[PDB]
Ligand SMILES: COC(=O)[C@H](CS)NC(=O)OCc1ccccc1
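Listed next as structure tokens is one chain, alone, in the form solved without the ligand.
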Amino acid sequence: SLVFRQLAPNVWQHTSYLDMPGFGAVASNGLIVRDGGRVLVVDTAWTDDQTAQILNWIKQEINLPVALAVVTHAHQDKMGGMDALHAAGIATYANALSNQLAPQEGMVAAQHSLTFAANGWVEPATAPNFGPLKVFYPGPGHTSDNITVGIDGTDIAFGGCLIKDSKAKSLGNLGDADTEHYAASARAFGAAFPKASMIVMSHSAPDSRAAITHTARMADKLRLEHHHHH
């Protein structure tokens, strides 16, 4: 029941669905990147079973070992299949912040913690041999730990749950959101990958840079609508 879509010669988007009460089948997107003789993964599927299916798909269609996976935040849709990756002996990385949040929120932490420089770029020491994956922390947005990934050599940039599609009417649930800094975070992602033309998101189909601008704008409204009164 998994859907795979090739976005570039060496990049595929994996999509899995989870039936959410009141909403029905909700999609979640992640990435699969072929880097020479290795395969890198961005985010798990909704569940361990689906995540295991993703691995079987890789084995069948690419037949190359999966060297590592990066999970962009501590949420079901992105860290629901942590046990499956570990069972396959795949090294996992997540924002140190995400790893600290995983427990309290019943999520399984990644094995490795990523830390970031003041400008948002990941500290090399914590992200060994990530190949074309350029990990960037834009600052608190949808969640305080959300991170993003650019795929060097392509026009693709993964915004995770931070960026919403250009047709969205709102920023979604703001339970863990930082309404004051969301806008700056969205813009930081845009400036970090200035030439990316295909923006991939956790819950929306691929879109143009119009999604970044649209998201930042809704975020501007949200910011003064929640913090700029008396």
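Start at 1 with the first residue shown and count on from there. In this text, rigid core is short for the largest set of C-alphas that superpose within 1.5 Å between two forms.
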Between 143-151 and 104-112, the one drifting more in C-alpha RMS in 6 other deposited structures of this protein once the core is aligned is 104-112
More variable segment, 191-199 or 170-178 [Cα RMS over structures in 6 other deposited structures of this protein, core-superposed]: 170-178
Report the stretch with the higher mean CA temperature factor, choosing between 2-10 and 221-229 on the basis of the entry. 221-229
Of 172-180 and 157-165, the one with larger mean CA B-factor: 172-180
From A125, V71, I90, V135, the top C-alpha temperature factor is at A125
Return the residue from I151, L85, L97, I147 that has the highest Cα B-factor in the entry. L97
Lowest, middle or highest third of the chain for the C-alpha temperature factor of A216? lowest
Could you place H203 in the lowest, middle or highest third of its chain by Cα temperature factor, using the values in the record? highest
According to the PDB entry, is the CA B factor of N63 in the bottom, middle or top third of its chain, that is, lowest, middle or highest? middle
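Another form, the form deposited with the ligand bound, is not on view; read the next lines as being about it.
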Sort through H203, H181, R34, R187 and report the residue having a heavy atom within 4.5 Å of the ligand in the deposited bound form. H203
Out of the stretches listed (170-178, 59-67, 34-42, 192-200), which one is close to the ligand in the deposited bound form, meaning heavy atoms within 4.5 Å? 170-178
Is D77 part of the interface with the ligand in the deposited bound form - any heavy atom within 4.5 Å? yes
Would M20 sit within 4.5 Å of the ligand in the deposited bound form, counting heavy atoms only? yes
With the partner left out here, check for me: in the deposited bound form, does some heavy atom of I54 sit within 4.5 Å of the ligand? no
With the partner left out here, which residues of 121-149 have a non-hydrogen atom within 4.5 Å of the ligand in the deposited bound form? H142
